[PDB]
Each structure stands twice: as C-alpha cells, then as structure tokens.
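Engineer: I have a structure here, written as structure tokens, and I will follow up with some questions on it.
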Amino acid sequence: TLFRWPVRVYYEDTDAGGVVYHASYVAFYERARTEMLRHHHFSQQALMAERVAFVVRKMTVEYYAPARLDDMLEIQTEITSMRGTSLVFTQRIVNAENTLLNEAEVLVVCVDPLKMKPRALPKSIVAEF
Amino acid sequence: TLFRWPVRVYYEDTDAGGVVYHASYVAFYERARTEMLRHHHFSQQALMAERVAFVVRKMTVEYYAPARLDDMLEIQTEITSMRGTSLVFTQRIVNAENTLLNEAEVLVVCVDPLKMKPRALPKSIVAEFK
Amino acid sequence: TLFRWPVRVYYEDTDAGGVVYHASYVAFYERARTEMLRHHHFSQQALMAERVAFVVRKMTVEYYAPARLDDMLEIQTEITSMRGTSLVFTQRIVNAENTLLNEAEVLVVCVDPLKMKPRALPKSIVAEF
Amino acid sequence: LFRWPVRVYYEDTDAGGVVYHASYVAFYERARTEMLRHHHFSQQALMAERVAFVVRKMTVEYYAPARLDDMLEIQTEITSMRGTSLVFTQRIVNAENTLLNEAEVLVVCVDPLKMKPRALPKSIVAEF
C-alpha cells in the first residue's frame with residue numbers, strides 16, 4: 001500500500017542556496033510516517049503515554065533534484081519490512097510533475113520511551129499494518 | 001548583568017531570501033538566555049534540581065538589518081526586571097562590523113517542569129541577580 | 001476578513017518540555033500570512049512578478065497556553081491596517097477546543113526584492129484588500 | 001580529524017526528551033562547514049572560488065541519544081575525493097566519548113549560482 005502526503009514548502013524550509021535545506025526533507029519524511037500512522041488511527045502522543053514510541057535507527061537519503069519556495073510536494077511512504085521490534089520504511093519525495101527529488105530507506109525501531117529500550121511492536125499496530 | 005554570546009550563522013538558519021530566517025533569531029535569543037543563566041551556574045540541571053523551568057510569556061522583536069550566511073554574530077543579554085514569577089530580558093544582536101541587526105524584549109515566567117504552571121522564582125535566582 | 005489556516009503539530013515543532021517550542025509558533029504565523037496572501041492569488045511567484053517582497057519589521061507574540069504533539073491548531077489571520085508601504089497583521093492561534101494559545105501583532109514592510117529598500121504596495125494588492 | 005563542539009538547546013530536542021534526529025543532520029553540516037573554515041575555506045573564500053557544496057547521499061546510524069544541555073563533539077574527516085565530489089566520514093560523541101551516531105556523507109561541488117556539478121578547484125584539492 002502506498003501512502004501519500006502533501007507538503008508545501010515555506011521560507012522556513014529553504015536556505016540561502018535558494019532551495020530546500022537537506023535536513024528539512026528529513027523532517028518531511030518524519031511527518032509522512034506520522035500521517036501514515038494517523039491514517040490507521042494511531043496517535044504518537046497517546047502511545048508515549050502507554051510507553052510506546054518509534055525512533056530512527058538508520059536512515060539513508062539520496063538527493064537528485066531540489067525543491068523550491070512554494071512548491072507543493074508529495075511524500076510517498078511504504079512499509080517494506082516488519083520484524084519483531086522494527087520496520088523498514090521506503091519513502092520518496094516528488095514535486096508537482098512527479099520529478100523525483102530524493103528517496104530514503106528508514107529503519108525504525110519501537111521502543112519504551114522511558115528507558116529508550118526496544119520493545120515488540122504492539123499487536124494492534126501490526127494488525128493494522 | 002550584561003552577557004555576550006557568539007553565534008555563527010549556518011545554512012540551517014538562512015532562507016531563500018539570502019538572509020537569516022526571522023524565526024531563527026528567536027532561537028538565537030533563547031540560546032543566549034540559556035547561556036547567560038549557565039554563566040551564573042543555572043544550568044538546566046541546576047534549574048531542574050530546583051524544580052524550575054522558564055516559559056516565554058511575551059516577546060517583542062525589532063528587525064533592523066539582516067544577518068547573512070557565515071556571519072559571526074554577538075547576542076547581548078541583560079535581565080532588567082524580576083518580580084514574583086516574572087523575569088524580563090532585554091536582548092540585542094549585532095554583527096562583526098558591530099551593526100545593529102535585531103533587538104528583543106522578553107518576558108519569561110517561572111513554572112514547575114511538571115504542571116507547566118507559573119510558580120514563584122526560586123530564592124537562589126532572586127538572590128543571584130538582585 | 002478572517003483567514004483560517006490549519007496546522008498540525010509534529011515532533012519537529014515540540015521540545016523536551018513536552019510542548020511546542022515557542023519559535024515554532026513564529027513559523028506557523030508566517031505560513032498563515034503566506035497562505036492568506038495565496039488565497040488572494042498573491043503567491044510568492046505573483047509578488048516577485050510585481051517586484052515586491054514583504055519583510056517583518058516588528059513582531060510581538062503573547063503566550064497563554066501550550067500546544068502538544070498531534071494537536072490540530074488553527075491560525076487566524078487578518079490585515080488590521082494597510083498603509084502605503086506597510087501592513088499590520090493581527091494573528092492568533094487556538095486549539096481544537098478553541099482555547100487561545102497565543103496571539104501576535106506583526107508589522108510587515110513592502111520592499112524591492114533586489115535592494116531590499118522600501119517600496120510602495122502594488123496597486124493590485126491595494127485594490128484586492 | 002577535525003573536532004567541533006556543539007551544545008544541545010531546546011530547539012534541538014523534541015517531546016521524546018531527546019535530540020530530534022534531523023537536528024543531528026544539521027550538526028553534521030555545521031561540522032563540515034567548520035572543518036572547511038579551519039582549512040582556510042570559509043564561506044567567503046568558497047564564494048570567491050565560485051564553489052558551493054550539495055549533499056548527494058547521506059547515511060546516518062543512530063546508536064544512543066543526546067539530551068538537553070549535553071555538550072557533544074562532532075568528529076569529521078574527508079576520506080575520499082574524486083573529480084567533483086568528496087566523501088565525509090563523521091560521528092557524534094558525548095563528553096565521555098560514548099558513540100551516539102555516525103554518518104557517511106557524499107558531497108558534490110557545484111557552482112553557487114547554477115548549482116550544477118563542477119570539478120573541485122585545485123585550491124581545495126591541493127588542500128586535502
């Protein structure tokens with residue numbers, strides 16, 4: 001299943017070079033994973049209270065083309081792997097013409113926020129995903 | 001109580017206009033207040049031990065001239081008022097050529113790291129800055 | 001003429017205190033002003049074509065209550081004063097319960113995109129508002 | 001090896017009580033910028049050379065978190081140089097030298113204005 005999430009580029013996301021700052025795309029990717037979860041009725045604010053959180057363990061991003069001020073982007077997200085305490089997201093960012101701006105592979109681990117120690121993915125989440 | 005804090009402008013702080021993003025200055029001011037408090041041994045750790053955190057209640061910023069990529073700036077901070085649960089910080093930012101770029105007045109209140117509700121200023125703070 | 005803009009709070013907007021970092025609200029306010037102008041067809045592209053840009057000259061924000069991860073906020077924006085070379089925006093942010101989180105008064109000046117010197121507001125903008 | 005200190009402020013943390021993962025990415029960039037300054041290549045000097053750098057590929061591995069007020073050290077080294085690109089090997093450690101995360105960054109040299117790939121000026125090549 002492919003989840004899509006729109007993102008408008010504002011001045012806060014750009015840098016003096018005249019394009020989106022590379023670390024801003026990282027944040028866009030996080031927003032997209034969060035919205036995918038929300039689509040399945042899961043709230044990370046609520047989950048933290050149950051001592052369930054998600055942290056990035058490894059992330060690789062390859063950049064191909066820039067995004068500029070006011071561009072409306074689309075973040076595409078897919079879960080390609082699910083294991084005991086982790087899952088692998090495959091994501092990409094494209095613009096209004098579907099030009100591939102960049103892509104990423106993100107290894108996310110489920111953890112108990114208080115001890116920051118890995119824990120098995122909740123069954124309720126696995127069931128939906 | 002004048003405290004100076006140097007700050008280098010990096011790409012993360014700039015925007016497509018070729019200058020520092022107006023909200024980035026707000027972050028710079030926060031660092032300077034944090035560092036001035038640290039200068040008086042009021043590190044986050046020390047504050048937490050006193051069951052205290054600071055929240056901005058009101059802030060007015062005047063934008064005069066822009067900071068650019070790689071400029072080394074100096075944030076200047078002073079505490080000009082201390083009453084009840086409130087602290088008033090007066091800050092300004094200048095560049096290497098000493099040009100005035102920005103100025104701010106910040107009213108901050110004291111709260112307990114839990115309820116996030118205002119509380120009286122710890123005895124140590126008033127004693128240190130009065 | 002009250003323009004409303006929804007904004008979702010993500011991890012990037014929060015801080016260790018468990019609430020939204022105060023500077024994040026400043027960015028939210030900027031997005032809302034940008035979107036109000038867009039609503040009237042004054043996109044960044046349209047403004048550059050008019051040879052004008054808007055810069056914040058003086059801004060005040062008063063904070064009352066906090067926002068947290070996953071909260072859907074509403075930024076309310078209006079031009080409370082239009083002058084020959086400047087605009088005063090009155091803005092406020094409320095949560096889903098309509099509780100006032102914070103409010104702002106923003107003086108923005110019209111300038112030439114090149115020299116960044118003051119410039120009169122284009123007649124198209126004057127006519128529109 | 002170039003070392004760059006970085007203090008963690010509220011702006012760098014998130015509601016989880018640790019540094020937001022994208023913040024480390026920004027820290028790595030500052031470190032690269034400072035390493036270049038140390039080798040006589042400040043942004044001014046780079047503009048004079050008509051050079052700007054763009055991240056082409058980046059892999060970061062996260063091992064342990066940093067928290068509010070921690071003083072970190074970013075370690076940076078250029079491990080490869082080829083035509084129009086450079087590979088940076090970096091890592092972030094805390095005051096006890098515990099390894100928090102590490103990254104490999106492939107950067108490409110481009111013209112500031114057009115941002116199109118261009119051979120690394122001999123001024124920089126002859127530097128590293």
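As a convention, Cβ positions derive from the backbone with ideal geometry for all residues, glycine included, and neighbour counts pool all protein chains shown. The numbers here are math on the coordinates, done by the rules we state, and not lab data.
Engineer: Compute, for chain C, the length of the dipole vector about the Cα centre, with Cβ point charges of +1 (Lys, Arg) and -1 (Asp, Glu) only. Units Debye, rounded to 20.
Structural biologist: 780
Engineer: Rounded, prolate or oblate: which one fits the protein assembly as shown, using the alpha carbon gyration tensor with axes a ≥ b ≥ c (rounded when a/c is under 1.5, else prolate when a/b beats b/c, else oblate)?
Structural biologist: Taking the square roots of the gyration eigenvalues as a ≥ b ≥ c, the protein assembly as shown is rounded.
Engineer: Still on this structure: In whole Hz, with x marking every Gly and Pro, tabulate ³J(HN,Hα) for segment B:66-78 from phi via Karplus 6.51 cos²θ - 1.76 cosθ + 1.60, θ = phi - 60°.
Structural biologist: 3J(HN,Hα) across segment B:66-78, in whole Hz: x, 9, 10, 3, 6, 6, 9, 9, 10, 9, 10, 10, 8.
Engineer: Quick one: which of C:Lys58/C:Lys117; A:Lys58/D:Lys57; A:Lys58/A:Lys115; C:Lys117/D:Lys114 span more than 21 angstrom between C-alpha atoms?
Structural biologist: Pairs exceeding 21 Å: C:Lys117/D:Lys114.
Engineer: Once both labels are modelled 7 Å past Cα along the beta-carbon direction, what's the B:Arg68-C:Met48 spacing in nm?
Structural biologist: In this crude spin-label approximation the distance works out to 1.9 nm.
Engineer: Can you work out the Karplus-derived ³J(HN,Hα) for every residue in segment A:99-109? Use 6.51 cos²θ - 1.76 cosθ + 1.60 with θ = phi - 60°, whole Hz, and x for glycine or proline.
Structural biologist: 6, 6, 7, 6, 9, 9, 10, 10, 8, 10, 10
Engineer: I would also like to ask the following. Report the rotationally averaged projected area of chain D based on its alpha-carbon convex hull, in square nanometres.
Structural biologist: Answer in nm², one decimal: 8.0.
Engineer: Relative contact order (percent) for chain A, with alpha-carbon contacts under 8 angstrom and 6 or more residues of separation? Walk me through the intermediate numbers first.
Structural biologist: Values: 233 pairs, mean separation 35.4, N = 129.
With pairs under 8 Å counted, the relative contact order is 27 percent.
Engineer: Okay, moving on. What FRET efficiency would be calculated for the residue pair C:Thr85, D:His40, taking the C-beta separation as r and a Förster radius of 51 Å, to the nearest 0.05?
Structural biologist: 0.70
Engineer: Using helices alone, I'd like the mean residue ellipticity at 222 nm for the protein assembly as shown: each DSSP H run of four-plus residues gives -39500 (n - 2.57), total over residue count, nearest 500.
Structural biologist: One gets -6500 deg cm²/dmol as the mean residue ellipticity at 222 nm.
Engineer: DSSP loop chymotrypsin sites (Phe, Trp or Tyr not before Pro) in segment C:33-92 with at most 14 other Cβ atoms within 10 Å of their Cβ, which ones?
Structural biologist: For chymotrypsin sites (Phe, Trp or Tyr not before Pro) across segment C:33-92 that sit outside H, G, I, E and B with at most 14 neighbouring Cβ atoms in 10 Å, the list reads C:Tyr64.
Engineer: Okay, moving on. Select from A:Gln44, A:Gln76, A:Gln91 the residue whose mean-square fluctuation is largest in a Gaussian network model of chain A (Cα-Cα springs shorter than 10 Å).
Structural biologist: Between A:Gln44, A:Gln76, A:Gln91, it is A:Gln44 that shows the largest mean-square fluctuation.
Engineer: Can you compute the label reach from B:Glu78? Point 7 Å from Cα along the Cβ direction, backbone N cut-off under 19 Å, restricted to segment B:8-40.
Structural biologist: Of the residues in segment B:8-40, B:29-30, B:32-40 have backbone N under 19 Å from the label point off B:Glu78.
Engineer: Then there's this: For B:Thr99, what residues show an amide H to amide H distance below 5 Å, using hydrogens built from the backbone and excluding near sequence neighbours?
Structural biologist: none
Engineer: Near the amide H of B:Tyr10, under 5 Å away, which other amide H atoms are found, from residues 5 or more places off or on another chain, if H is placed in the peptide plane?
Structural biologist: Sorted by chain and number, the residues that satisfy this are B:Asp70.
Engineer: By how many degrees, 0 to 90 and rounded to 10, does the Cα axis of helix C:22-39 deviate from the longest principal axis of chain C?
Structural biologist: Roughly 50 degrees, rounded to the nearest 10.
Engineer: Right, next: Hey, what do the phi angles of segment B:44-53 turn into as Karplus ³J(HN,Hα) couplings, whole Hz, using 6.51/-1.76/1.60 and θ = phi - 60°, x for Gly and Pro?
Structural biologist: 4, 4, 4, 5, 4, 5, 9, 6, 9, 9
Engineer: What are the residues whose amide H is under 5 Å from the amide H of B:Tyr64, where those residues sit 5 or more places off or on another chain and H is modelled from the backbone?
Structural biologist: B:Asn102, B:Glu103
Engineer: If you don't mind, there's one more thing I want to ask. Tell me, in nm to one decimal, what length is gained between B:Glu97 and B:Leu114 on full extension, where the rule is 0.36 nm per residue of separation less the Cα-Cα distance?
Structural biologist: 1.8 nm
Engineer: Whole-Å semi-axes of segment B:60-117's equivalent ellipsoid, largest first, each the root of 5 times a Cα gyration tensor eigenvalue?
Structural biologist: 29, 12, 9
Engineer: What's the center-to-center distance, using Cα atoms, between segment C:75-129 and segment B:113-130 in Å?
Structural biologist: Between the Cα centres of segment C:75-129 and segment B:113-130 lies a distance of 36 Å.
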